[PDB]
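Engineer: Below: one structure in structure tokens.
Number of protein chains: 2
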Amino acid sequence: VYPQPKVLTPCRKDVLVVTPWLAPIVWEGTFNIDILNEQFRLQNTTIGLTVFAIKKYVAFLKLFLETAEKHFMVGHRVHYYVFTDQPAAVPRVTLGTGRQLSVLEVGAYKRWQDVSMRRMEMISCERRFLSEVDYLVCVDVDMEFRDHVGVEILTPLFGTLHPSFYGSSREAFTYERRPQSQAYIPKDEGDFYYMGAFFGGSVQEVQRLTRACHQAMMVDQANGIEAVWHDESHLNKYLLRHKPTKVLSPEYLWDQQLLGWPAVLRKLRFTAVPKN
Amino acid sequence: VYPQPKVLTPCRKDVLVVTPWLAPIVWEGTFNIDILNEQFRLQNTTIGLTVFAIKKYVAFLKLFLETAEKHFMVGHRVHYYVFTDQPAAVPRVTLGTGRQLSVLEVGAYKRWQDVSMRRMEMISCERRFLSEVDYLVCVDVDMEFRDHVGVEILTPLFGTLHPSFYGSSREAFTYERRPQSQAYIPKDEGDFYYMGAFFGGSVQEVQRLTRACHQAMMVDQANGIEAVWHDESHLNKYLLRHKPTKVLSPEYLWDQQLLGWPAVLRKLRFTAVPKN
Ligand SMILES: O=c1ccn([C@@H]2O[C@H](COP(=O)(O)OP(=O)(O)O)[C@@H](O)[C@H]2O)c(=O)[nH]1
Ligand SMILES: O=c1ccn([C@@H]2O[C@H](COP(=O)(O)OP(=O)(O)O)[C@@H](O)[C@H]2O)c(=O)[nH]1
Ligand SMILES: OC[C@H]1O[C@@H](O)[C@H](O)[C@@H](O)[C@H]1O
Ligand SMILES: OC[C@H]1O[C@@H](O)[C@H](O)[C@@H](O)[C@H]1O
Ligand SMILES: [Mn+2]
Ligand SMILES: [Mn+2]
């Protein structure tokens, strides 16, 4: 038993809550979490969360993991996949029931561009995800959960609105604009500017996306060019041509230090941790 | 190249455009049809449309079919399935390319309750739909198309808001309220009141729904009760427990004679034809 939705009273009148291809844009006030939780529990949903913690970024794991335990898919099955060059540095964090963590040991790439960039290659490690989880959520590790992040996000394919660019026009989007690059998006094209720090979907859709972006980055390399924002450029080219089935609002990727807390954000759910 | 969606300017601020389980509610102004058409054409989508024309209701087929040719899934593959007791009375209507019509001969049930009611049994004729179409759309025949009805509606499972009840509270919903009936919905339960005249989905979801409603009506019969609005009662019980993935606005099921043309309806797409 819950409040009756009323067709002639919108939830939110201040923000766009659906894209022009009829994908929900997920804001507080758009969903009843009780309904969604029941739907996902009935399927015994398992959500995998992938995080890279290479070199000094192992320092961010403790708060990342502690805060995920408090706010991320609570009540559902969760499998954390920690990709690191330092397995001994992964902190032991006590997990709730139905939750588990695996440490995947990987190589440390020399430059930060290639660390960020090789995530796509590294996520795509294929049949282990297909058997173990229903959805994959791929995030930066230099972050903390401050409020609910739940099954409202889950769908075949989702991206997240970049918090610096949601109120902006498309010509201002820092898409890749050199036609030499696989990430190239013309000045008159574009729906949104998605951030590379939080995307996901079904295992099948995430494997497609990561495979494509990896294949697209190798083509750029063989051609002597590096997309202007690296994986995020290719992520934006993919999601232009294969549109997400949900879009997360900036409630899901924010920085209060840089941007404050505007009234249009009723919750700040997943935020940046200060770094040098 | 199309207008950029703007996250801080909603399309429609006058109506709810998403349900609390994050299913789009389809109103004019929520979708860009150019995007949707390309997505569905890329999959070579075929849409089946089922219509019963038993006894005197063969008189409605000509206008139904002529108007569908003008407004229903134009540019896409369409297969009409005309269920009738009078195959010779089906009018020959000239079809656009990629469009076809089959006549399925059925028995005429004695009462109108059972004619309306046995559609569920009759739709569920199973493997022929699975092979021939991707989606099934199930409508009344006493109607005409007056404006676009397209791939914006397509999704795994959809119902349509009853035009008499969209502005109403749930206690006013004419759900079945006797616990004796499989269609029983408590006074404090309910999202919307859907009309039996326009529902659909993927072939798999429509076969599930029609099978369930058929199984539920047989149980009611064996127990000596007939749901208050017959198939529509069971349709509402199904869609309460298995929530639709899109909901169509009343633009998709209207009667201008009874209800006029209110400002909140920017288009009147599929309407009732006067009958005695
Ligand atoms: O030395 C590094 C650099 C990057 N990262 C990973 O790559 C992500 C993206 O890089 P970063 O957070 O530095 O990018 P930014 O948020 O500053 O643009 C990080 O969150 C980590 O998951 C890493 O593990 N070690
Ligand atoms: O004698 C009948 C009665 C009903 N119908 C079919 O059942 C649908 C629902 O019945 P009707 O339209 O009479 O219901 P209403 O719209 O008046 O509630 C009709 O549209 C036809 O498709 C039919 O073919 N022959
Ligand atoms: O223009 C895109 C850039 O926006 C910055 O605000 C952000 O720190 C970068 O990571 C990148 O997303
Ligand atoms: O209360 C439900 C009823 O509403 C009437 O307006 C309609 O004609 C009936 O077919 C049935 O839907
Ligand atoms: Mn980061
Ligand atoms: Mn009718």
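Protein sequences, first through last, are from chains A and A'. A prime marks a further copy of an entry chain. Numbered according to the deposited numbering, the first sequence spans residues 70 to 193, 196 to 347. Numbered according to the deposited numbering, the second sequence spans residues 70 to 193, 196 to 347. The C-beta atom is built at its ideal place from N, Cα and C for all residues, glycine as well.
Could you give the distance in angstroms between the alpha-carbon of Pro72(A) and the alpha-carbon of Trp332(A')?
Structural biologist: 29 Å
Engineer: Alpha carbons only, please: which of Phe269(A'), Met266(A') and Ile256(A') is nearest the one belonging to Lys308(A')?
Structural biologist: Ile256(A')
Engineer: Enumerated in chain order, which unbroken segments of the alpha helix (DSSP H) with a length of 4 residues or greater are wholly contained in the stretch 105-140 of chain A?
Structural biologist: 130-140
Engineer: Does any heavy atom of ligand 6 sit closer than 8 Å to the C-beta of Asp213(A')?
Structural biologist: yes
Engineer: Does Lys124(A) get closer than 9 Å to chain A' when you measure Cβ to Cβ?
Structural biologist: The beta carbon of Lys124(A) sits no closer than 9 Å to any beta carbon of chain A'.
Engineer: Would you tell me roughly how many angstroms separate the C-alpha atoms of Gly261(A') and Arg241(A'), rounded to the nearest one?
Structural biologist: Straight-line spacing of the CA atoms in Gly261(A') and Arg241(A') works out to 6 Å.
Engineer: Cβ-heavy atom distance between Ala128(A') and ligand 6 below 8 Å?
Structural biologist: no
Engineer: Keeping to the same chain, check which residues put their C-beta closer than 6 Å to that of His313(A); ignore five residues upstream and five downstream.
Structural biologist: none
Engineer: Taking 9 Å as the cut-off, decide whether the C-beta atoms of residue 195(A') and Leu225(A') are in contact.
Structural biologist: In this structure residue 195(A') is absent; chain A' steps straight from 193 to 196.
Engineer: Is there contact between the stretch 141-152 of chain A and the stretch 212-230 of chain A, where contact requires at least three CB pairs shorter than 8 Å?
Structural biologist: As far as the Cβ criterion goes, the stretch 141-152 of chain A touches the stretch 212-230 of chain A, which means the pair count is three or higher.
Engineer: Checking contacts by CB at 9 Å: is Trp181(A') closer than that to chain A?
Structural biologist: It does not: the Cβ of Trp181(A') has no partner Cβ on chain A nearer than 9 Å.
Engineer: Can at least three beta-carbon pairs, one atom from the stretch 152-159 of chain A' and one from the stretch 233-252 of chain A', be found at a separation below 8 Å?
Structural biologist: no
Engineer: Which residues in chain A' have a C-beta closer than 8 Å to the C-beta of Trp90(A)? List them in chain order.
Structural biologist: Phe100, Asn101, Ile104, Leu105 and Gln108
Engineer: Would you mind working out which of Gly98(A), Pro227(A), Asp103(A) and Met214(A) sits nearest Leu280(A), comparing C-alpha positions?
Structural biologist: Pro227(A)
Engineer: Hey, is the stretch 78-95 of chain A in contact with the stretch 72-84 of chain A', meaning 3+ C-beta pairs nearer than 8 Å?
Structural biologist: yes
Engineer: So, does the CB of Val76(A) fall closer than 9 Å to a CB anywhere in chain A'?
Structural biologist: Answer yes: the Cβ-Cβ gap between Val76(A) and chain A' drops below 9 Å somewhere.
Engineer: My assumption, with CB atoms under 8 Å, is that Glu138(A) sits in contact with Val162(A). Please give the rounded CB distance.
Structural biologist: 7 Å
Engineer: Are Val212(A') and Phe133(A') close, meaning C-beta to C-beta below 9 Å?
Structural biologist: It is a contact, given that the beta carbons lie within the stated cut-off.
Engineer: Output, in chain order, the set of chain A' residues within a Cβ distance shorter than 7 Å of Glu223(A).
Structural biologist: Within chain A', the residues near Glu223(A) are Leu91.
Engineer: Consider the Cβ of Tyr237(A): report whether some Cβ of chain A' lies at a distance smaller than 9 Å.
Structural biologist: yes
Engineer: Quick check: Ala268(A') and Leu324(A'), are their CB atoms within less than 9 Å of each other?
Structural biologist: yes
Engineer: If we ignore side chains and look at the alpha-carbon of each, how far apart do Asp302(A) and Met189(A) end up?
Structural biologist: 8 Å
Engineer: Going by DSSP, name the residue or residues bridged to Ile296(A).
Structural biologist: Partner(s): none; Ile296(A) has no beta bridge.
Engineer: Relative to ligand 2, is the shortest distance from any of its heavy atoms to the C-beta of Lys125(A') smaller than 8 Å?
Structural biologist: yes
Engineer: What residues are listed by DSSP as bridge partners for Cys209(A')?
Structural biologist: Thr119(A') and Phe270(A')
Engineer: Should the stretch 177-189 of chain A be called in touch with the stretch 284-302 of chain A, which here means at least 3 C-beta pairs below 8 Å?
Structural biologist: yes
Engineer: Drop a sphere of 10 angstroms on the beta-carbon of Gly117(A'), count the other beta-carbons inside from all chains shown, and report buried for 16 or more, exposed for fewer.
Structural biologist: buried
Engineer: Are the C-beta of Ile256(A') and some C-beta of chain A separated by less than 9 Å?
Structural biologist: no
Engineer: What residues in its chain sit with their C-beta under 8 Å from that of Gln112(A'), if we drop five residues either side in the sequence?
Structural biologist: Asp205
Engineer: Cβ of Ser171(A') less than 9 Å from any chain A Cβ?
Structural biologist: no
Engineer: Residues of chain A with CB under 7 Å from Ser240(A'), in chain order?
Structural biologist: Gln73
Engineer: Consult DSSP for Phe200(A) and reduce its assignment to one of helix, strand or coil.
Structural biologist: helix
Engineer: With 16 as the cutoff for other CB atoms within 10 Å, does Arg199(A) come out buried or exposed?
Structural biologist: exposed
Engineer: Name the two residues that bound the continuous alpha helix (DSSP H) containing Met191(A).
Structural biologist: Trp181 to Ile192
Engineer: Report yes if the C-beta of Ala343(A') is less than 8 Å from at least one heavy atom of ligand 6; otherwise report no.
Structural biologist: yes
Engineer: From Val210(A), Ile192(A) and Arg168(A), pick the residue whose C-alpha is nearest to that of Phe129(A); which is it?
Structural biologist: For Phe129(A), the closest C-alpha among the options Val210(A), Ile192(A) and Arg168(A) is that of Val210(A).
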